[PDB]
């Protein structure tokens, strides 16, 4: 099966100065017997929000056992937003499995001390391609 997916509807609220795994957003590539070719990986966090005192936001990353392959963030445009609105976020990266990839995961990291909120659907998806 060339389509892999994991999805969640919540995670414990946390702050982090470093990239930390988003629990449940994990694809086991080795366990699927995929050892070569490429994966197009999509991290989709459609409804996150950040709480903080200093232009809040969330960094998200796609990581393998080799670490972060791609990342990005959303941030609010106000020091302390009136309400910390829902800021849809998608990240897309293509990785060579041949180089020794055995898992893929989503990770997150605070912007300026923000608490990080997922309280609804979020997914981590991959499509396997071979020549």
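Positions refer to the first chain, counted from 1.
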Which has higher Cα B-factors on average according to the PDB entry: 43-51 or 91-99? 91-99
Check the entry's C-alpha temperature factors for 33-41 and 68-76, then say which stretch has the higher mean. 33-41
CA B-factor placement of residue 8, once the chain's modelled residues are sorted into thirds: lowest
Binned into thirds over the chain's modelled residues, the C-alpha B-factor of residue 124 lands in the lowest
